[PDB]
>>> print(open('query.pdb').read())   # PDB, C-alpha atoms
MODEL        1
ATOM      1  CA  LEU N   1      70.160  97.652  85.129  1.00  0.00           C
ATOM      2  CA  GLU N   2      73.626  98.262  86.568  1.00  0.00           C
ATOM      3  CA  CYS N   3      73.958 100.696  89.476  1.00  0.00           C
ATOM      4  CA  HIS N   4      76.828 102.072  91.504  1.00  0.00           C
ATOM      5  CA  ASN N   5      76.762 100.926  95.115  1.00  0.00           C
ATOM      6  CA  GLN N   6      79.962 102.212  96.714  1.00  0.00           C
ATOM      7  CA  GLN N   7      79.856 104.605  99.662  1.00  0.00           C
ATOM      8  CA  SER N   8      80.900 108.251  99.633  1.00  0.00           C
ATOM      9  CA  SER N   9      84.327 108.670  98.003  1.00  0.00           C
ATOM     10  CA  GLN N  10      85.332 104.991  97.919  1.00  0.00           C
ATOM     11  CA  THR N  11      86.609 103.384  94.728  1.00  0.00           C
ATOM     12  CA  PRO N  12      83.585 102.976  92.424  1.00  0.00           C
ATOM     13  CA  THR N  13      81.855  99.595  92.331  1.00  0.00           C
ATOM     14  CA  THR N  14      78.582  98.479  90.760  1.00  0.00           C
ATOM     15  CA  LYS N  15      75.969  95.796  91.214  1.00  0.00           C
ATOM     16  CA  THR N  16      73.482  94.329  88.780  1.00  0.00           C
ATOM     17  CA  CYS N  17      69.996  95.027  90.101  1.00  0.00           C
ATOM     18  CA  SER N  18      67.462  92.215  90.226  1.00  0.00           C
ATOM     19  CA  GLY N  19      64.298  93.884  88.976  1.00  0.00           C
ATOM     20  CA  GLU N  20      64.672  97.540  89.966  1.00  0.00           C
ATOM     21  CA  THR N  21      64.294 100.125  87.202  1.00  0.00           C
ATOM     22  CA  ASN N  22      66.039 102.959  89.057  1.00  0.00           C
ATOM     23  CA  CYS N  23      69.430 103.623  90.598  1.00  0.00           C
ATOM     24  CA  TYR N  24      69.709 106.067  93.464  1.00  0.00           C
ATOM     25  CA  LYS N  25      72.240 108.390  95.026  1.00  0.00           C
ATOM     26  CA  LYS N  26      71.480 110.038  98.360  1.00  0.00           C
ATOM     27  CA  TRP N  27      73.681 112.457 100.241  1.00  0.00           C
ATOM     28  CA  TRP N  28      73.839 114.828 103.194  1.00  0.00           C
ATOM     29  CA  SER N  29      76.513 116.144 105.556  1.00  0.00           C
ATOM     30  CA  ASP N  30      77.705 115.721 109.129  1.00  0.00           C
ATOM     31  CA  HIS N  31      80.672 117.213 111.014  1.00  0.00           C
ATOM     32  CA  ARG N  32      83.107 115.227 108.854  1.00  0.00           C
ATOM     33  CA  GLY N  33      81.659 116.218 105.496  1.00  0.00           C
ATOM     34  CA  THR N  34      79.480 114.663 102.809  1.00  0.00           C
ATOM     35  CA  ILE N  35      78.091 111.143 103.194  1.00  0.00           C
ATOM     36  CA  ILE N  36      76.833 109.366 100.072  1.00  0.00           C
ATOM     37  CA  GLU N  37      74.815 106.164  99.736  1.00  0.00           C
ATOM     38  CA  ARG N  38      74.252 104.487  96.358  1.00  0.00           C
ATOM     39  CA  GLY N  39      72.267 101.495  95.161  1.00  0.00           C
ATOM     40  CA  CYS N  40      69.325 100.032  93.265  1.00  0.00           C
ATOM     41  CA  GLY N  41      65.802 101.436  93.500  1.00  0.00           C
ATOM     42  CA  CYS N  42      64.435 104.822  94.537  1.00  0.00           C
ATOM     43  CA  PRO N  43      63.788 104.861  98.313  1.00  0.00           C
ATOM     44  CA  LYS N  44      61.755 107.297 100.363  1.00  0.00           C
ATOM     45  CA  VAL N  45      64.178 109.568 102.214  1.00  0.00           C
ATOM     46  CA  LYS N  46      64.129 111.630 105.393  1.00  0.00           C
ATOM     47  CA  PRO N  47      63.416 115.317 104.654  1.00  0.00           C
ATOM     48  CA  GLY N  48      66.540 117.425 104.210  1.00  0.00           C
ATOM     49  CA  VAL N  49      68.458 114.762 102.300  1.00  0.00           C
ATOM     50  CA  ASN N  50      69.531 115.154  98.670  1.00  0.00           C
ATOM     51  CA  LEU N  51      68.341 112.399  96.351  1.00  0.00           C
ATOM     52  CA  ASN N  52      68.820 111.495  92.716  1.00  0.00           C
ATOM     53  CA  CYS N  53      66.898 108.603  91.196  1.00  0.00           C
ATOM     54  CA  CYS N  54      67.881 107.886  87.646  1.00  0.00           C
ATOM     55  CA  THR N  55      67.020 105.253  85.046  1.00  0.00           C
ATOM     56  CA  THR N  56      70.151 104.284  83.116  1.00  0.00           C
ATOM     57  CA  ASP N  57      73.221 102.104  83.689  1.00  0.00           C
ATOM     58  CA  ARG N  58      75.728 103.585  86.152  1.00  0.00           C
ATOM     59  CA  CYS N  59      73.778 106.847  86.249  1.00  0.00           C
ATOM     60  CA  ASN N  60      74.200 107.259  90.017  1.00  0.00           C
ATOM     61  CA  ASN N  61      77.951 107.720  90.398  1.00  0.00           C
TER
ENDMDL
END
>>> encode(input="query.pdb", output="structure tokens")
Amino acid sequence: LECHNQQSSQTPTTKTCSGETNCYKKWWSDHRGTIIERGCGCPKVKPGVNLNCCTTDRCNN
């Protein structure tokens, strides 16, 4: 499984997961705007955060 792992609006990059069967994208905002974290897996998140856990290559851009 290949997942995107770049932060926020940075140039897209991906990593090849080592076992995970999900990719994730989590985002929320602060005074500067939207912050986005991407990677392998499907982590538990703090309430109030947006989260997308998907199951296909590069599905979390």
>>> resolve_selection(input="query.pdb", expression="the PyMOL selection byres ((chain N and resi 20) around 9)", output="number ranges by chain")
N: 1, 17-19, 21-23, 40-42
>>> atom_distance(input="query.pdb", atom1="CA of residue 52 in chain N", atom2="CA of residue 27 in chain N")
9.0 Å
>>> resolve_selection(input="query.pdb", expression="the PyMOL selection byres ((chain N and resi 47-51) around 8)", output="count of residues only")
9
>>> resolve_selection(input="query.pdb", expression="the PyMOL selection byres ((chain N and resi 7) around 12)", output="compact mmCIF listing (two decimals) with C-alpha atoms, in the frame of the given file")
# COMPACT_ATOMS: atom_id res chain seq x y z
CA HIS N 4 76.83 102.07 91.50
CA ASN N 5 76.76 100.93 95.12
CA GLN N 6 79.96 102.21 96.71
CA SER N 8 80.90 108.25 99.63
CA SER N 9 84.33 108.67 98.00
CA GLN N 10 85.33 104.99 97.92
CA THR N 11 86.61 103.38 94.73
CA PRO N 12 83.58 102.98 92.42
CA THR N 13 81.86 99.60 92.33
CA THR N 14 78.58 98.48 90.76
CA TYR N 24 69.71 106.07 93.46
CA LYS N 25 72.24 108.39 95.03
CA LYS N 26 71.48 110.04 98.36
CA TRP N 27 73.68 112.46 100.24
CA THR N 34 79.48 114.66 102.81
CA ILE N 35 78.09 111.14 103.19
CA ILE N 36 76.83 109.37 100.07
CA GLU N 37 74.82 106.16 99.74
CA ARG N 38 74.25 104.49 96.36
CA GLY N 39 72.27 101.50 95.16
CA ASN N 60 74.20 107.26 90.02
CA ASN N 61 77.95 107.72 90.40
>>> decode(input="query.pdb", residues="chain N", atoms="C-alpha atoms", output="mmCIF file, in the first residue's frame")
data_model
loop_
_atom_site.group_PDB
_atom_site.id
_atom_site.type_symbol
_atom_site.label_atom_id
_atom_site.label_comp_id
_atom_site.auth_asym_id
_atom_site.auth_seq_id
_atom_site.Cartn_x
_atom_site.Cartn_y
_atom_site.Cartn_z
ATOM 1 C CA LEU N 1 0.000 0.000 0.000
ATOM 2 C CA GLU N 2 1.305 3.415 -1.044
ATOM 3 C CA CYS N 3 0.198 6.450 0.970
ATOM 4 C CA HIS N 4 0.774 10.172 0.740
ATOM 5 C CA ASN N 5 2.809 11.529 3.634
ATOM 6 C CA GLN N 6 3.470 15.192 2.865
ATOM 7 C CA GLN N 7 2.233 17.935 5.184
ATOM 8 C CA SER N 8 -0.505 20.450 4.427
ATOM 9 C CA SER N 9 0.039 22.063 1.010
ATOM 10 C CA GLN N 10 3.602 20.844 0.404
ATOM 11 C CA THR N 11 4.563 19.147 -2.851
ATOM 12 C CA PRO N 12 3.005 15.657 -2.763
ATOM 13 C CA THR N 13 5.199 12.750 -1.682
ATOM 14 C CA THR N 14 4.371 9.137 -0.851
ATOM 15 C CA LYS N 15 5.766 6.288 1.192
ATOM 16 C CA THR N 16 5.303 2.554 0.868
ATOM 17 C CA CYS N 17 3.678 1.292 4.054
ATOM 18 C CA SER N 18 5.119 -1.748 5.792
ATOM 19 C CA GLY N 19 2.022 -3.714 6.744
ATOM 20 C CA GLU N 20 -0.693 -1.086 7.202
ATOM 21 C CA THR N 21 -3.902 -1.555 5.214
ATOM 22 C CA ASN N 22 -5.094 2.052 5.515
ATOM 23 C CA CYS N 23 -3.836 5.500 4.597
ATOM 24 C CA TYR N 24 -4.985 8.481 6.610
ATOM 25 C CA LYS N 25 -5.503 12.198 6.205
ATOM 26 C CA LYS N 26 -6.247 14.340 9.249
ATOM 27 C CA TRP N 27 -6.887 18.058 9.297
ATOM 28 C CA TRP N 28 -7.997 20.969 11.455
ATOM 29 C CA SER N 29 -7.349 24.713 11.610
ATOM 30 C CA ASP N 30 -5.440 27.254 13.676
ATOM 31 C CA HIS N 31 -4.967 31.023 13.271
ATOM 32 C CA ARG N 32 -2.904 30.474 10.111
ATOM 33 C CA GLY N 33 -5.345 28.165 8.361
ATOM 34 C CA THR N 34 -5.682 24.454 7.649
ATOM 35 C CA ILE N 35 -3.087 21.968 8.895
ATOM 36 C CA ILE N 36 -2.988 18.525 7.275
ATOM 37 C CA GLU N 37 -1.137 15.382 8.341
ATOM 38 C CA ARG N 38 -0.918 12.315 6.086
ATOM 39 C CA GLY N 39 0.509 8.829 6.452
ATOM 40 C CA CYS N 40 0.018 5.087 6.833
ATOM 41 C CA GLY N 41 -2.554 3.560 9.175
ATOM 42 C CA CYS N 42 -5.728 4.911 10.759
ATOM 43 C CA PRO N 43 -4.904 6.563 14.116
ATOM 44 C CA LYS N 44 -7.226 7.546 16.929
ATOM 45 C CA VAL N 45 -7.658 11.321 16.819
ATOM 46 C CA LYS N 46 -8.517 14.063 19.289
ATOM 47 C CA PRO N 47 -12.213 15.032 19.070
ATOM 48 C CA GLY N 48 -12.900 17.940 16.731
ATOM 49 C CA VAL N 49 -10.387 16.842 14.104
ATOM 50 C CA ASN N 50 -11.369 15.773 10.586
ATOM 51 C CA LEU N 51 -10.157 12.323 9.575
ATOM 52 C CA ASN N 52 -10.260 10.201 6.452
ATOM 53 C CA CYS N 53 -8.990 6.631 6.526
ATOM 54 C CA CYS N 54 -9.025 4.987 3.152
ATOM 55 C CA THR N 55 -7.870 1.666 1.713
ATOM 56 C CA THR N 56 -6.335 2.222 -1.723
ATOM 57 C CA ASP N 57 -3.036 3.498 -3.133
ATOM 58 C CA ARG N 58 -2.569 7.267 -2.800
ATOM 59 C CA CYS N 59 -6.151 7.651 -1.586
ATOM 60 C CA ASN N 60 -5.218 10.202 1.091
ATOM 61 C CA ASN N 61 -3.982 13.155 -0.954
#
